[PDB]
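Given next, in structure tokens, is a single chain: the form deposited in one PDB entry.
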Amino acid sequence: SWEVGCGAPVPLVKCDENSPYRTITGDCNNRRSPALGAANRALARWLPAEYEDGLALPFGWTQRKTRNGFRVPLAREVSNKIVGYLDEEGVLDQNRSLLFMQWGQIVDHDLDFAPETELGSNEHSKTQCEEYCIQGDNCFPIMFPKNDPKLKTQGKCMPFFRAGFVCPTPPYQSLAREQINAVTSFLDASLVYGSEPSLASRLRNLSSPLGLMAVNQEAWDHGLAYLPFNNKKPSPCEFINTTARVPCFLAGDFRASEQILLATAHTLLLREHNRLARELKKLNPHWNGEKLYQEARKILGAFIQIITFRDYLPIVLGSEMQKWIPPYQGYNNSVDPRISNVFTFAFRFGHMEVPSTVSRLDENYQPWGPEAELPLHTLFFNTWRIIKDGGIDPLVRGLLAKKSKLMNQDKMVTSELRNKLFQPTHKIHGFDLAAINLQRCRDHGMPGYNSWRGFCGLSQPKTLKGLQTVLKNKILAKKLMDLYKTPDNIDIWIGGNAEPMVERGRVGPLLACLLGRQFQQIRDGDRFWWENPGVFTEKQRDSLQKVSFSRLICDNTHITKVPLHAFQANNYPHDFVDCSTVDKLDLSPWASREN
């Protein structure tokens, strides 16, 4: 029932528990156990992992091994039969902007990243996974079912490499395999500043004592800053247009350029830092770089917490917001702030909120040029469409005046992600994010749908008609029963997402519970939570309480018309007001008085 353990990274970290600043790595957040929520450690297990062999092998690995006496369906077959749809007509969320989806991905990137095995090597390039589609040792290919179009076109499988685990080792025996969280479990803008000393410093402008983040030297946006390029090869952002040869951006998080609207929101977050620093500098010119960096980082960290907890979670969790995140009653050092393995899958509800197209809008919020609208698949790892096609202003306008996809039991994930996903090194727009989510559920040893239903104190359907009642959908139930045979065997990603949405929310009860718990814990278990007595002065928090995503945009673009409520569905001009009408961030209470 208890063991001793193994040590993955640098075992301890001298803490210096005077420092008023979060570490970069998240270490020293918790004084009793300083490793808690620190990056490059095991994700938390809320339930024991479930592997084919009890230890490490995913359900589905060995054909003759059942789960509860039934074969596990191929991930792509589940994708084709349940997740797919043809008709993008009527699929849009009438009361969520496209920024709703985007903030989800941003928060996600702040909280969890489980890299595939050895990010310190490409070896052993035999290759062979993508070529000969042969299973072995952390090559776990997604095999196509009979009658899959991709059969005809792409080969027998989509490549897939198993997630890294502690101890940071390929061969492992004894205990249950535990995947790594490579970012800080704390909601702390790690996606802007990084989660390792190494990347934190490379991101900084040290060359001047102003505590600024590095900016693009090779290009600019009407004088406004771009993130610096990653001059790493092979650059997938170069690969998607070898003519344009415009590389990926360098950010606190390595997924920053995965799509143009994530790269965009990263660009906004960086500018805010530099803006915040330059402001602080003026008020307090006696402050060195370090002090400005940290004080800006600290304010940026709060902005993310507040937009997340005050604006985003209430319209994800809906009725269930109070049940799982009651109002803040201060830091609790007994709460475990770590991101759970299951969260990293629950948060992929976002994938059903991504629509098929992205718009560039002009100052009249009307089509920017004759190619205003682009398919999402052409915008993966696409930086050149920012740099040479009007910078971020047209793209941010689209985040405001366009809609998220609405999650839909007959229209789950757009074919832009479900058939055309680009993965670096693999050359084609030919991958499936849904199939990858399911394979990854199994990779991570996820307990099934009913285990998690029991965890959240909810009924555990055993029959078709039981599942019909919970999904409130005869035909979706029937397809799942036909593929999985028992609700116990349904992968949590698709089980969770199949449930109809709670009142005023965008996730069902199961996900509401799994998400709500995690957000509760990263808040209550955070020493540096913005509302914690002593982190911010009482006046500093009256200033922070007024930030909005509407304000972030006004201060960091040349956009002069915004909604007040950026996550709601907003039509121009009826729901738009001038940037003048929007509460500003008053940095008065940061005025420091000394020698």
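Residues carry their position along the shown sequence, with the first being 1. C-alpha atoms forming the largest set that superposes within 1.5 Å between two forms make up the rigid core. Shifts are known only where both forms have a C-alpha.
When the mean C-alpha temperature factors of 95-103 and 316-324 are read from the deposited coordinates, 316-324 comes out higher. As recorded in the PDB entry, 531-539 is the stretch of 48-56 and 531-539 with the greater mean C-alpha temperature factor. As recorded in the PDB entry, 137 shows the highest C-alpha B-factor of the residues 89, 112, 238, 137. Reading the B-factor column for the CA atoms of 550, 66, 33, 570 in the entry, the top value corresponds to 33. Ranked by C-alpha B-factor against the other modelled residues of its chain, residue 75 falls in the lowest third.
Ranked by C-alpha B-factor against the other modelled residues of its chain, residue 482 falls in the middle third. Among all modelled residues in this chain, the alpha-carbon of residue 43 has a temperature factor (C-alpha) in the lowest third. Residue 186 sits in the lowest third of its chain by CA B factor, as recorded in the PDB entry. Compared with the other modelled residues of the chain, the Cα B-factor recorded for residue 371 ranks in the highest third.
There is another form of this protein, the form deposited in another entry, and it is not shown here; the text below is about that form.
125 is the only residue from 329, 319, 408, 125 whose Cα shifts by 2 Å or more between this form and the one not shown, the rigid core being superposed. When the rigid core is held fixed, the Cα atom of residue 577 travels less than 2 angstroms between this form and the one not shown. In that other deposited form, the Cα-Cα separation between residue 126 and residue 444 shrinks by 3 Å or more relative to the displayed conformation. In comparison with the shown form, the Cα-Cα distance of residue 142 and residue 120 decreases by at least 3 angstroms in that other deposited form. Relative to the superposed core, shifted segments between this form and the one not shown, defined as three or more consecutive residues with every Cα moved by 2 Å or more, span 8-12, 119-127.
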